[PDB]
Amino acid sequence: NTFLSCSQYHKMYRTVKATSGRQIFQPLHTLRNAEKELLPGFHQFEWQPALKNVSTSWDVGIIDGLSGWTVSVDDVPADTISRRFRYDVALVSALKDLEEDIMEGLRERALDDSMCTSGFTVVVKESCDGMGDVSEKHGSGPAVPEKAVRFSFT
Amino acid sequence: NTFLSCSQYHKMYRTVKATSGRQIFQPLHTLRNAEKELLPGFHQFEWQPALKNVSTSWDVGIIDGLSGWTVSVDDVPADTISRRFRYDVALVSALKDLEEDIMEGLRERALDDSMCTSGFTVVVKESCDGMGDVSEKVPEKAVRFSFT
Amino acid sequence: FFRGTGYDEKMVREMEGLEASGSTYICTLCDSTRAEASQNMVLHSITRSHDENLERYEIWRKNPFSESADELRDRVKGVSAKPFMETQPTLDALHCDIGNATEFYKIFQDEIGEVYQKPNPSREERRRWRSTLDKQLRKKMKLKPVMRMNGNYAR
DNA sequence: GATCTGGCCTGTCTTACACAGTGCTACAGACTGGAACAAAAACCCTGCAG
DNA sequence: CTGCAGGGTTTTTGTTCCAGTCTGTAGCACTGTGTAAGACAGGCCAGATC
DNA sequence: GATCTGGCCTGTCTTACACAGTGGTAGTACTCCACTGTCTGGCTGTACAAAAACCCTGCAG
DNA sequence: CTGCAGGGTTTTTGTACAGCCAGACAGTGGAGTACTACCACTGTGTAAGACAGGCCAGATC
Ligand SMILES: [Ca+2]
Ligand SMILES: [Ca+2]
Ligand SMILES: [Ca+2]
Ligand SMILES: [Ca+2]
Ligand SMILES: [Zn+2]
């Protein structure tokens with residue numbers, strides 16, 4: 001939430017560590033470990049029926065966006081840089097994030113919990129716009145750090 | 001030591017104070033005058049004899065370097081931007097900062113502490129250099145003059 | 001006690017009223033000429049001092065001997081401009097390091113090819129010996145070149 | 001049948017304007033005390049009530 | 001035995017006064033950055049022309 | 001029209017100037033799990049003596 | 001009024017009985033762990049001046 005570094009975090013960490021007698025912040029690696037569940041690709045799940053032409057592998061995290069674009073020069077170039085998830089894995093991550101509030105709302109709605117297993121309709125908005133010719137530092141020889149497009153949902 | 005912004009610091013502080021606080025970090029306003037010990041223009045001092053050609057006010061902090069260049073566009077233009085200190089104030093700040101270390105070293109050598117208050121000699125290194133290709137946000141240049 | 005030491009060459013010579021920089025007078029300390037500095041190399045005395053440079057500059061201005069351009073240039077041993085910031089008689093550590101580094105860089109680019117065997121090489125062969133030196137520094141020692149060699153690349 | 005021209009429409013500059021951040025600061029709005037108060041929260045307690 | 005109307009009881013939660021006294025945050029000045037609207041260029045096809 | 005010469009051009013050699021900072025990875029030197037039985041030293045009900053610095057008092061001047 | 005010493009009070013200071021639980025010391029085997037140091041990685045040329053070569057053009061006789 002504060003855009004701090006990895007290094008700088010550890011710096012001020014060792015600082016407060018030797019400062020007043022306690023391990024007030026956790027160091028890096030334990031923060032990394034604790035976080036790795038908050039990313040996509042941690043919760044196991046299923047689909048009924050099974051997915052259409054989708055690998056049932058779940059625990060995967062970040063994929064490379066080219067989707068196995070055969071890099072051979074003869075064909076259309078395959079240099080296009082891209083990153084994404086498995087859409088569905090991102091969805092299950094987002095949903096299990098919100099599960100706390102869904103459980104709160106079920107508490108308010110007083111619906112019995114042995115009756116809240118099937119009838120859920122999540123409405124999902126999605127969006128896709130491009131941010132053009134972005135400015136970024138230390139380019140004296142162009143490396144296409146300009147035209148980006150961000151796929152998103154809510 | 002880690003290049004954080006004001007808003008940066010306030011968010012961090014407000015956050016860590018919300019949870020398990022028991023406020024820990026200090027608010028911004030308090031630092032905004034707590035630093036005044038470490039800046040120039042805080043510590044009393046003087047010279048015998050008095051310095052030549054120097055206004056003897058010991059409390060001025062940051063000063064524009066132009067030194068009251070008459071803005072008359074008739075004459076040579078006063079456009080070049082600068083900021084500096086008054087050497088003496090800088091030196092007294094740095095020295096009275098070293099106060100801790102010099103008293104420590106005085107005690108380590110077991111030399112007396114009440115007397116021997118008159119023969120201190122300080123060799124100070126100065127160093128200056130320009131800075132090329134400063135991405136500007138006047139050409140792209142700048143010169144920094146420091147000392148140690 | 002103040003010491004003006006941490007200035008690069010260009011600034012030192014510029015503020016002590018020297019002819020910046022690679023002119024017939026090179027050393028900020030010993031006033032021997034350039035070519036003479038190749039005949040003798042080790043035996044020299046350090047003389048250059050602030051106040052005496054002010055003396056030599058006053059001589060340059062008044063011209064009390066009515067000598068010509070070059071004779072006066074020599075009589076003051078090359079002091080044209082009036083210095084104003086006093087500076088200690090010493091060299092820098094860093095960029096002497098970088099200068100020796102780039103000097104050995106050049107001589108390595110030279111000896112990769114032939115120099116005692118080639119009286120005057122051409123630009124193409126110079127860049128080619130550079131290129132094979134860079135490939136050698138990459139295959140062995142894992143050193144790609146940079147635009148100009150800084151302190152780390154010099155070490 | 002070969003050629004001149006208005007409209008137009010796609011592409012291109014520009015450039016005005018919004019946002020973004022960052023240190024100062026000014027303020028408005030939170031916290032402290034005594035009296036004193038109303039006025040329910042929840043137990044309990046009677047009471048007219050079946 | 002049961003039902004609430006509603007009595008007692010402390011507790012809570014306000015709460016009225018001024019002062020503060022800190023604080024966050026919304027100013028404020030600022031200039032650097034990214035964009036999209038709009039001017040306008042030109043070429044170029046259709047319409048008018050020779 | 002032959003000759004000459006200062007000033008200009010090309011090529012030269014030398015001194016500077018950006019390249020930090022950020023995240024992932026790894027070896028490695030430094031530190032608590034449970035299990036233990038034991039000891040010292042603070043705590044505590046009053047009564048007992050010992051220092052300290054003043055305030056009055058008394059003798060002395 | 002001066003300076004000082006028996007007594008005085010009042011307060012601390014400490015030792016005195018006695019019992020009691022908190023806090024550490026050794027025991028181990030390592031497993032972890034924090035920490036510091038590693039990687040990979042952008043990009044591959046410039047700007048100023050001094051000097052000797054050569055020429056060449058502007059003026060001359
Ligand atoms: Ca868009
Ligand atoms: Ca847009
Ligand atoms: Ca430098
Ligand atoms: Ca530099
Ligand atoms: Zn020398």
# chains A, B, ... in the order shown; residues from 1 in each chain; ligands from 1

$ interface_residues --of "chain B" --to "chain C" --cutoff "7 Å" --atoms "only C-alpha atoms" --output "ChimeraX atom specification"
/B:122-129

$ residues_near_ligand --ligand "ligand 5" --cutoff "8 Å" --atoms "only C-alpha atoms (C1' of nucleotides) and all ligand atoms" --output "PyMOL selection string"
chain C and resi 26-32+37+44-46

$ residues_near_ligand --ligand "ligand 2" --cutoff "8 Å" --atoms "only C-alpha atoms (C1' of nucleotides) and all ligand atoms" --output "MDAnalysis selection string"
(chainID A and resid 129:131) or (chainID E and resid 35:36)

$ write_last_selection --atoms "N, CA, C and O atoms (P, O5', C5', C4', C3', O3' and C1' of nucleotides)" --output "PDB file, in the first residue's frame"
ATOM      1  N   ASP A 129      -8.609  -1.471 -21.464  1.00  0.00           N
ATOM      2  CA  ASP A 129      -8.159  -0.254 -22.112  1.00  0.00           C
ATOM      3  C   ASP A 129      -6.639  -0.254 -22.177  1.00  0.00           C
ATOM      4  O   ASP A 129      -5.959  -0.977 -21.443  1.00  0.00           O
ATOM      5  N   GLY A 130      -6.120   0.587 -23.060  1.00  0.00           N
ATOM      6  CA  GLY A 130      -4.691   0.728 -23.268  1.00  0.00           C
ATOM      7  C   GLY A 130      -4.185   2.053 -22.728  1.00  0.00           C
ATOM      8  O   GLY A 130      -4.836   3.093 -22.882  1.00  0.00           O
ATOM      9  N   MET A 131      -3.027   1.998 -22.084  1.00  0.00           N
ATOM     10  CA  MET A 131      -2.270   3.181 -21.713  1.00  0.00           C
ATOM     11  C   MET A 131      -1.111   3.317 -22.690  1.00  0.00           C
ATOM     12  O   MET A 131      -0.237   2.444 -22.750  1.00  0.00           O
TER      13      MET A 131
ATOM     14  P    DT E  35      -0.960   8.446 -22.132  1.00  0.00           P
ATOM     15  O5'  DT E  35      -2.146   9.416 -22.590  1.00  0.00           O
ATOM     16  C5'  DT E  35      -3.424   9.303 -21.990  1.00  0.00           C
ATOM     17  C4'  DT E  35      -4.254  10.539 -22.270  1.00  0.00           C
ATOM     18  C3'  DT E  35      -4.883  10.595 -23.667  1.00  0.00           C
ATOM     19  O3'  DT E  35      -6.296  10.491 -23.561  1.00  0.00           O
ATOM     20  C1'  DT E  35      -3.971  12.700 -22.992  1.00  0.00           C
ATOM     21  P    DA E  36      -7.176   9.992 -24.810  1.00  0.00           P
ATOM     22  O5'  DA E  36      -8.655  10.442 -24.421  1.00  0.00           O
ATOM     23  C5'  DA E  36      -8.846  11.650 -23.699  1.00  0.00           C
ATOM     24  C4'  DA E  36      -9.107  12.813 -24.639  1.00  0.00           C
ATOM     25  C3'  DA E  36      -9.775  12.449 -25.964  1.00  0.00           C
ATOM     26  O3'  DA E  36     -10.879  13.300 -26.148  1.00  0.00           O
ATOM     27  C1'  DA E  36      -7.894  13.828 -26.344  1.00  0.00           C
TER      28       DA E  36
END

$ residues_around --residues "residue A:84" --least-positions-apart "3" --cutoff "12 Å" --atoms "only C-alpha atoms (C1' of nucleotides)" --output "list in words"
residues 40, 60, 61, 62, 63, 64, 65, 66, 67, 81, 87, 88, 89, 90, 149, 150, 151 and 152 of chain A

$ write_last_selection --atoms "N, CA and C atoms" --output "mmCIF file, in the first residue's frame"
data_model
loop_
_atom_site.group_PDB
_atom_site.id
_atom_site.type_symbol
_atom_site.label_atom_id
_atom_site.label_comp_id
_atom_site.auth_asym_id
_atom_site.auth_seq_id
_atom_site.Cartn_x
_atom_site.Cartn_y
_atom_site.Cartn_z
ATOM 1 N N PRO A 40 -2.902 -15.593 -6.683
ATOM 2 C CA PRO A 40 -3.651 -16.673 -7.329
ATOM 3 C C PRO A 40 -2.877 -17.984 -7.316
ATOM 4 N N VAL A 60 -1.313 -23.577 -10.254
ATOM 5 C CA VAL A 60 -0.417 -22.745 -11.038
ATOM 6 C C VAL A 60 -0.584 -21.276 -10.656
ATOM 7 N N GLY A 61 0.497 -20.518 -10.800
ATOM 8 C CA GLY A 61 0.462 -19.100 -10.512
ATOM 9 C C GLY A 61 0.464 -18.247 -11.764
ATOM 10 N N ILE A 62 1.571 -17.553 -12.003
ATOM 11 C CA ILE A 62 1.674 -16.601 -13.103
ATOM 12 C C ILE A 62 2.140 -17.331 -14.355
ATOM 13 N N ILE A 63 1.439 -17.106 -15.460
ATOM 14 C CA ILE A 63 1.809 -17.680 -16.742
ATOM 15 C C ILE A 63 2.378 -16.567 -17.619
ATOM 16 N N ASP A 64 3.050 -16.973 -18.694
ATOM 17 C CA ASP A 64 3.545 -16.057 -19.713
ATOM 18 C C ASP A 64 2.501 -15.984 -20.823
ATOM 19 N N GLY A 65 2.211 -14.770 -21.296
ATOM 20 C CA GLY A 65 1.009 -14.562 -22.089
ATOM 21 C C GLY A 65 1.068 -15.080 -23.513
ATOM 22 N N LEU A 66 2.269 -15.344 -24.040
ATOM 23 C CA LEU A 66 2.397 -15.741 -25.441
ATOM 24 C C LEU A 66 1.634 -17.021 -25.758
ATOM 25 N N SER A 67 1.366 -17.855 -24.747
ATOM 26 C CA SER A 67 0.650 -19.121 -24.909
ATOM 27 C C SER A 67 1.372 -20.049 -25.887
ATOM 28 N N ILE A 81 5.492 -9.067 -25.530
ATOM 29 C CA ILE A 81 5.650 -9.357 -24.111
ATOM 30 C C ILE A 81 4.297 -9.279 -23.423
ATOM 31 N N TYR A 87 -7.464 -17.217 -16.071
ATOM 32 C CA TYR A 87 -8.636 -16.416 -15.720
ATOM 33 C C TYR A 87 -9.405 -16.999 -14.545
ATOM 34 N N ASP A 88 -9.721 -18.287 -14.653
ATOM 35 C CA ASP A 88 -10.503 -18.972 -13.636
ATOM 36 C C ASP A 88 -9.794 -18.974 -12.290
ATOM 37 N N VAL A 89 -8.485 -19.225 -12.288
ATOM 38 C CA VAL A 89 -7.746 -19.242 -11.029
ATOM 39 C C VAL A 89 -7.812 -17.871 -10.371
ATOM 40 N N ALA A 90 -7.695 -16.814 -11.176
ATOM 41 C CA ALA A 90 -7.863 -15.465 -10.652
ATOM 42 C C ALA A 90 -9.254 -15.283 -10.071
ATOM 43 N N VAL A 149 -1.472 -2.399 -22.550
ATOM 44 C CA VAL A 149 -2.913 -2.594 -22.476
ATOM 45 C C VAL A 149 -3.200 -3.454 -21.257
ATOM 46 N N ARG A 150 -4.163 -3.031 -20.446
ATOM 47 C CA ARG A 150 -4.439 -3.674 -19.169
ATOM 48 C C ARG A 150 -5.830 -4.294 -19.214
ATOM 49 N N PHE A 151 -5.888 -5.621 -19.156
ATOM 50 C CA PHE A 151 -7.148 -6.332 -19.000
ATOM 51 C C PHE A 151 -7.485 -6.434 -17.519
ATOM 52 N N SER A 152 -8.737 -6.145 -17.159
ATOM 53 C CA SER A 152 -9.114 -6.055 -15.754
ATOM 54 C C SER A 152 -10.556 -6.515 -15.571
#

$ select_by_dssp --residues "stretch 9-153 of chain A" --states "alpha helix (DSSP H)" --output "PyMOL selection string"
chain A and resi 9-19+28-35+87-109

$ write_last_selection --atoms "N, CA and C atoms" --output "CSV table (one decimal), in the first residue's frame"
chain,number,residue,atom,x,y,z
A,9,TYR,N,12.5,-2.0,2.6
A,9,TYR,CA,11.7,-2.7,3.7
A,9,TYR,C,12.6,-3.4,4.6
A,10,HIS,N,13.5,-4.3,4.1
A,10,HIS,CA,14.5,-5.0,5.0
A,10,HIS,C,15.4,-4.0,5.7
A,11,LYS,N,15.7,-2.9,5.1
A,11,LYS,CA,16.6,-1.9,5.7
A,11,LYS,C,15.9,-1.4,7.0
A,12,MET,N,14.8,-0.7,6.8
A,12,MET,CA,14.1,-0.2,8.0
A,12,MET,C,13.7,-1.3,9.0
A,13,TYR,N,13.6,-2.5,8.5
A,13,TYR,CA,13.3,-3.7,9.3
A,13,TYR,C,14.4,-3.9,10.3
A,14,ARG,N,15.6,-4.2,9.7
A,14,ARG,CA,16.8,-4.3,10.6
A,14,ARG,C,17.0,-3.2,11.5
A,15,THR,N,16.6,-2.0,11.0
A,15,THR,CA,16.7,-0.8,11.9
A,15,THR,C,15.8,-0.9,13.1
A,16,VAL,N,14.5,-1.0,13.0
A,16,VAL,CA,13.6,-1.1,14.1
A,16,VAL,C,13.9,-2.4,14.9
A,17,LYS,N,14.4,-3.5,14.3
A,17,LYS,CA,14.8,-4.7,14.9
A,17,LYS,C,15.9,-4.4,16.0
A,18,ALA,N,17.0,-3.9,15.6
A,18,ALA,CA,18.0,-3.5,16.6
A,18,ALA,C,17.6,-2.3,17.4
A,19,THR,N,16.5,-1.6,17.1
A,19,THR,CA,16.2,-0.4,17.7
A,19,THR,C,15.6,-0.6,19.1
A,28,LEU,N,11.7,-10.2,5.6
A,28,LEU,CA,11.2,-10.4,4.2
A,28,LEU,C,10.6,-11.8,4.0
A,29,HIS,N,11.5,-12.8,4.1
A,29,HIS,CA,11.1,-14.2,3.6
A,29,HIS,C,9.9,-14.7,4.2
A,30,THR,N,9.7,-14.4,5.5
A,30,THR,CA,8.4,-14.9,6.2
A,30,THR,C,7.2,-14.1,5.6
A,31,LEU,N,7.4,-12.8,5.3
A,31,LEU,CA,6.4,-12.0,4.7
A,31,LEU,C,6.0,-12.6,3.3
A,32,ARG,N,7.1,-13.0,2.5
A,32,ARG,CA,6.9,-13.6,1.2
A,32,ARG,C,6.1,-14.9,1.4
A,33,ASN,N,6.5,-15.8,2.3
A,33,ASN,CA,5.8,-17.0,2.5
A,33,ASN,C,4.3,-16.8,2.9
A,34,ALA,N,4.1,-15.9,3.9
A,34,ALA,CA,2.8,-15.6,4.3
A,34,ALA,C,1.9,-15.1,3.2
A,35,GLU,N,2.5,-14.3,2.3
A,35,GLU,CA,1.8,-13.7,1.2
A,35,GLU,C,1.4,-14.7,0.1
A,87,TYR,N,-7.5,-17.2,-16.1
A,87,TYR,CA,-8.6,-16.4,-15.7
A,87,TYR,C,-9.4,-17.0,-14.5
A,88,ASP,N,-9.7,-18.3,-14.7
A,88,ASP,CA,-10.5,-19.0,-13.6
A,88,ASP,C,-9.8,-19.0,-12.3
A,89,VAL,N,-8.5,-19.2,-12.3
A,89,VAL,CA,-7.7,-19.2,-11.0
A,89,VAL,C,-7.8,-17.9,-10.4
A,90,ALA,N,-7.7,-16.8,-11.2
A,90,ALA,CA,-7.9,-15.5,-10.7
A,90,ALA,C,-9.3,-15.3,-10.1
A,91,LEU,N,-10.3,-15.9,-10.7
A,91,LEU,CA,-11.6,-15.7,-10.2
A,91,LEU,C,-11.8,-16.4,-8.9
A,92,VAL,N,-11.2,-17.6,-8.7
A,92,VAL,CA,-11.4,-18.3,-7.5
A,92,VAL,C,-10.6,-17.6,-6.4
A,93,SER,N,-9.5,-17.0,-6.7
A,93,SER,CA,-8.7,-16.2,-5.8
A,93,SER,C,-9.5,-15.0,-5.3
A,94,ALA,N,-10.1,-14.3,-6.2
A,94,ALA,CA,-10.9,-13.1,-5.9
A,94,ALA,C,-12.1,-13.5,-5.1
A,95,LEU,N,-12.8,-14.6,-5.4
A,95,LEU,CA,-13.9,-15.0,-4.7
A,95,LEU,C,-13.6,-15.4,-3.3
A,96,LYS,N,-12.5,-16.2,-3.1
A,96,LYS,CA,-12.2,-16.6,-1.8
A,96,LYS,C,-11.6,-15.5,-0.9
A,97,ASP,N,-11.2,-14.4,-1.6
A,97,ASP,CA,-10.9,-13.2,-0.9
A,97,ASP,C,-12.2,-12.6,-0.3
A,98,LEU,N,-13.2,-12.5,-1.1
A,98,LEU,CA,-14.5,-11.9,-0.7
A,98,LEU,C,-15.3,-12.8,0.2
A,99,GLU,N,-14.9,-14.0,0.4
A,99,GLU,CA,-15.7,-15.0,1.1
A,99,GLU,C,-16.0,-14.5,2.5
A,100,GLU,N,-15.1,-13.7,3.1
A,100,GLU,CA,-15.4,-13.2,4.5
A,100,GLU,C,-16.7,-12.4,4.4
A,101,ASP,N,-16.7,-11.4,3.5
A,101,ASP,CA,-17.9,-10.6,3.4
A,101,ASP,C,-19.1,-11.3,2.9
A,102,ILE,N,-19.0,-12.3,2.1
A,102,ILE,CA,-20.2,-13.1,1.7
A,102,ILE,C,-20.7,-13.8,3.0
A,103,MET,N,-19.8,-14.3,3.8
A,103,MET,CA,-20.3,-15.0,5.0
A,103,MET,C,-20.9,-14.0,6.0
A,104,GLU,N,-20.4,-12.8,6.1
A,104,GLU,CA,-21.0,-11.7,6.9
A,104,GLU,C,-22.4,-11.5,6.4
A,105,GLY,N,-22.6,-11.3,5.0
A,105,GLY,CA,-23.9,-11.0,4.5
A,105,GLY,C,-24.9,-12.1,4.7
A,106,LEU,N,-24.4,-13.4,4.6
A,106,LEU,CA,-25.2,-14.5,5.0
A,106,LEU,C,-25.6,-14.5,6.5
A,107,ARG,N,-24.7,-14.0,7.3
A,107,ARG,CA,-25.1,-13.8,8.8
A,107,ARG,C,-26.2,-12.8,8.9
A,108,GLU,N,-26.1,-11.7,8.2
A,108,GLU,CA,-27.1,-10.7,8.2
A,108,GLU,C,-28.4,-11.2,7.7
A,109,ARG,N,-28.3,-11.8,6.5
A,109,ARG,CA,-29.5,-12.3,5.8
A,109,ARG,C,-30.1,-13.5,6.6

$ closest_atom_pairs --of "chain G" --to "chain A" --cutoff "8 Å" --atoms "only C-alpha atoms (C1' of nucleotides)" --output "tab-separated table"
residue	atom	partner	partner_atom	distance
G:34	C1'	A:27	CA	7.8
G:42	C1'	A:138	CA	7.4
G:43	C1'	A:141	CA	8.0

$ write_last_selection --atoms "C-alpha atoms (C1' of nucleotides)" --output "short mmCIF file (atom, residue, chain, number, x, y, z; two decimals), in the first residue's frame"
data_model
loop_
_atom_site.label_atom_id
_atom_site.label_comp_id
_atom_site.auth_asym_id
_atom_site.auth_seq_id
_atom_site.Cartn_x
_atom_site.Cartn_y
_atom_site.Cartn_z
"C1'" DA G 34 17.94 -13.86 9.81
"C1'" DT G 42 19.42 -1.76 -18.43
"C1'" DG G 43 23.40 -0.56 -22.73
#

$ atom_distance --atom1 "atom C1' of residue E:10" --atom2 "atom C1' of residue D:48"
27.7 Å

$ residues_near_ligand --ligand "ligand 4" --cutoff "8 Å" --atoms "only C-alpha atoms (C1' of nucleotides) and all ligand atoms" --output "list in words"
residues 129, 130, 131 and 132 of chain B; 16, 17 and 18 of chain F

$ write_last_selection --atoms "N, CA and C atoms (P, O5', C5', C4', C3', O3' and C1' of nucleotides)" --output "PDB file, in the first residue's frame"
ATOM      1  N   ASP B 129      32.384  19.241  -7.203  1.00  0.00           N
ATOM      2  CA  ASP B 129      32.400  18.732  -8.559  1.00  0.00           C
ATOM      3  C   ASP B 129      31.052  19.034  -9.189  1.00  0.00           C
ATOM      4  N   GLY B 130      31.067  19.244 -10.499  1.00  0.00           N
ATOM      5  CA  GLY B 130      29.838  19.417 -11.232  1.00  0.00           C
ATOM      6  C   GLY B 130      29.092  18.102 -11.325  1.00  0.00           C
ATOM      7  N   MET B 131      27.955  18.147 -12.008  1.00  0.00           N
ATOM      8  CA  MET B 131      27.183  16.933 -12.223  1.00  0.00           C
ATOM      9  C   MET B 131      26.624  16.994 -13.634  1.00  0.00           C
ATOM     10  N   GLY B 132      26.999  16.023 -14.452  1.00  0.00           N
ATOM     11  CA  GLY B 132      26.563  16.027 -15.825  1.00  0.00           C
ATOM     12  C   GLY B 132      25.168  15.467 -15.991  1.00  0.00           C
TER      13      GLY B 132
ATOM     14  P    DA F  16      39.811  14.501 -15.107  1.00  0.00           P
ATOM     15  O5'  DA F  16      38.429  15.209 -15.501  1.00  0.00           O
ATOM     16  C5'  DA F  16      37.261  14.424 -15.707  1.00  0.00           C
ATOM     17  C4'  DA F  16      36.087  15.288 -16.138  1.00  0.00           C
ATOM     18  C3'  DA F  16      34.725  14.630 -15.952  1.00  0.00           C
ATOM     19  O3'  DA F  16      33.736  15.586 -15.596  1.00  0.00           O
ATOM     20  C1'  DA F  16      35.114  15.006 -18.264  1.00  0.00           C
ATOM     21  P    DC F  17      32.733  15.264 -14.382  1.00  0.00           P
ATOM     22  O5'  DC F  17      31.286  15.075 -15.070  1.00  0.00           O
ATOM     23  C5'  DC F  17      31.176  14.571 -16.409  1.00  0.00           C
ATOM     24  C4'  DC F  17      29.796  13.984 -16.688  1.00  0.00           C
ATOM     25  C3'  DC F  17      29.392  12.808 -15.799  1.00  0.00           C
ATOM     26  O3'  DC F  17      27.955  12.746 -15.625  1.00  0.00           O
ATOM     27  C1'  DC F  17      29.824  12.050 -18.030  1.00  0.00           C
ATOM     28  P    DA F  18      27.323  12.374 -14.186  1.00  0.00           P
ATOM     29  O5'  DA F  18      27.539  10.784 -14.038  1.00  0.00           O
ATOM     30  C5'  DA F  18      26.410   9.892 -13.913  1.00  0.00           C
ATOM     31  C4'  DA F  18      25.578   9.924 -15.179  1.00  0.00           C
ATOM     32  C3'  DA F  18      24.654   8.739 -15.419  1.00  0.00           C
ATOM     33  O3'  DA F  18      23.453   8.812 -14.655  1.00  0.00           O
ATOM     34  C1'  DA F  18      25.860   9.138 -17.362  1.00  0.00           C
TER      35       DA F  18
END

$ residues_around --residues "stretch 124-137 of chain C" --least-positions-apart "2" --cutoff "10 Å" --atoms "only C-alpha atoms (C1' of nucleotides)" --output "PyMOL selection string"
chain C and resi 105-106+108-114+121-122+139-146

$ write_last_selection --atoms "N, CA and C atoms" --output "PDB file, in the first residue's frame"
ATOM      1  N   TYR C 105      43.716   0.087 -21.164  1.00  0.00           N
ATOM      2  CA  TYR C 105      42.684  -0.303 -22.124  1.00  0.00           C
ATOM      3  C   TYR C 105      43.136  -0.030 -23.551  1.00  0.00           C
ATOM      4  N   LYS C 106      43.599   1.195 -23.800  1.00  0.00           N
ATOM      5  CA  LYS C 106      44.102   1.549 -25.120  1.00  0.00           C
ATOM      6  C   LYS C 106      45.276   0.665 -25.514  1.00  0.00           C
ATOM      7  N   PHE C 108      46.051  -2.214 -24.576  1.00  0.00           N
ATOM      8  CA  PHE C 108      45.607  -3.579 -24.829  1.00  0.00           C
ATOM      9  C   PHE C 108      44.946  -3.688 -26.195  1.00  0.00           C
ATOM     10  N   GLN C 109      44.075  -2.728 -26.521  1.00  0.00           N
ATOM     11  CA  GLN C 109      43.532  -2.646 -27.872  1.00  0.00           C
ATOM     12  C   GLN C 109      44.645  -2.578 -28.912  1.00  0.00           C
ATOM     13  N   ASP C 110      45.783  -1.984 -28.552  1.00  0.00           N
ATOM     14  CA  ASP C 110      46.908  -1.865 -29.476  1.00  0.00           C
ATOM     15  C   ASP C 110      47.661  -3.186 -29.629  1.00  0.00           C
ATOM     16  N   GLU C 111      48.040  -3.813 -28.509  1.00  0.00           N
ATOM     17  CA  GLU C 111      48.880  -5.008 -28.557  1.00  0.00           C
ATOM     18  C   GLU C 111      48.123  -6.268 -28.961  1.00  0.00           C
ATOM     19  N   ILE C 112      46.786  -6.270 -28.887  1.00  0.00           N
ATOM     20  CA  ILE C 112      46.030  -7.358 -29.509  1.00  0.00           C
ATOM     21  C   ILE C 112      46.427  -7.494 -30.975  1.00  0.00           C
ATOM     22  N   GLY C 113      46.575  -6.367 -31.658  1.00  0.00           N
ATOM     23  CA  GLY C 113      47.178  -6.314 -32.973  1.00  0.00           C
ATOM     24  C   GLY C 113      48.658  -6.007 -32.894  1.00  0.00           C
ATOM     25  N   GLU C 114      49.189  -5.436 -33.970  1.00  0.00           N
ATOM     26  CA  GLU C 114      50.605  -5.108 -34.058  1.00  0.00           C
ATOM     27  C   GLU C 114      50.776  -3.596 -34.130  1.00  0.00           C
ATOM     28  N   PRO C 121      48.514   2.287 -37.972  1.00  0.00           N
ATOM     29  CA  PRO C 121      47.292   1.535 -38.266  1.00  0.00           C
ATOM     30  C   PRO C 121      46.169   2.485 -38.672  1.00  0.00           C
ATOM     31  N   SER C 122      45.048   1.899 -39.076  1.00  0.00           N
ATOM     32  CA  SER C 122      43.872   2.649 -39.489  1.00  0.00           C
ATOM     33  C   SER C 122      42.770   2.503 -38.449  1.00  0.00           C
ATOM     34  N   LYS C 139      34.053 -13.797 -23.137  1.00  0.00           N
ATOM     35  CA  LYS C 139      34.253 -15.240 -23.002  1.00  0.00           C
ATOM     36  C   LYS C 139      35.005 -15.575 -21.718  1.00  0.00           C
ATOM     37  N   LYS C 140      36.101 -14.869 -21.459  1.00  0.00           N
ATOM     38  CA  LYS C 140      36.871 -15.017 -20.234  1.00  0.00           C
ATOM     39  C   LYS C 140      36.699 -13.771 -19.383  1.00  0.00           C
ATOM     40  N   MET C 141      36.646 -13.959 -18.067  1.00  0.00           N
ATOM     41  CA  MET C 141      36.494 -12.929 -17.046  1.00  0.00           C
ATOM     42  C   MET C 141      35.065 -12.410 -17.003  1.00  0.00           C
ATOM     43  N   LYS C 142      34.209 -12.794 -17.951  1.00  0.00           N
ATOM     44  CA  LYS C 142      32.809 -12.377 -18.025  1.00  0.00           C
ATOM     45  C   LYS C 142      32.677 -10.856 -17.889  1.00  0.00           C
ATOM     46  N   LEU C 143      33.228 -10.160 -18.883  1.00  0.00           N
ATOM     47  CA  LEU C 143      33.231  -8.697 -18.909  1.00  0.00           C
ATOM     48  C   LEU C 143      32.745  -8.205 -20.270  1.00  0.00           C
ATOM     49  N   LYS C 144      31.489  -7.773 -20.332  1.00  0.00           N
ATOM     50  CA  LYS C 144      31.060  -6.979 -21.470  1.00  0.00           C
ATOM     51  C   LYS C 144      31.575  -5.550 -21.314  1.00  0.00           C
ATOM     52  N   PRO C 145      31.891  -4.876 -22.416  1.00  0.00           N
ATOM     53  CA  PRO C 145      32.329  -3.481 -22.322  1.00  0.00           C
ATOM     54  C   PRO C 145      31.173  -2.574 -21.934  1.00  0.00           C
ATOM     55  N   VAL C 146      31.528  -1.354 -21.547  1.00  0.00           N
ATOM     56  CA  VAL C 146      30.572  -0.292 -21.299  1.00  0.00           C
ATOM     57  C   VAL C 146      30.992   0.919 -22.124  1.00  0.00           C
TER      58      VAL C 146
END

$ residues_around --residues "residue G:12" --least-positions-apart "4" --cutoff "12 Å" --atoms "only C-alpha atoms (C1' of nucleotides)" --output "JSON, numbers by chain"
{"F": [50, 51, 52, 53]}
